[PDB]
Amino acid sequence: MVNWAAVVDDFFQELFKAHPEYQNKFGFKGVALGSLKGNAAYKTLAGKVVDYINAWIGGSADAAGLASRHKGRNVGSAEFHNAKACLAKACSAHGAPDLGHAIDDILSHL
């Protein structure tokens, strides 16, 4: 398998390194990056992102719904363009397929 859990962990390391302020929107606001994996709010959230990736791969991803929910948190195109870059790094680091098309689908609804 691809270890998508590991890809997602590196995604968040990249994301919050480049944009620490994005972490303020989550239940793990203020938690040291190096300790995120031990945080309960983070574990649940990371699991859902993994689920979304597996839903995209499996053909059931709802990009319109995901976009709508993110707009509902005042998260928009600029943030998802930054996420796209961080996710490409995380995928590359693990020899995982690029997920750019999945992010482009979300971006099309933003």
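Quick note: we count residues from 1 along the sequence shown, nothing fancier.
In this entry, 74-82 shows the higher mean Cα temperature factor of the pair 74-82 and 46-54. When all modelled residues of the chain are sorted by CA temperature factor, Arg69 is found within the lowest third. Annotation for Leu36: C-alpha temperature factor in the middle third relative to the rest of the modelled chain, per the entry. In the deposited entry, the Cα temperature factor of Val8 places it in the lowest third of its chain's modelled residues.
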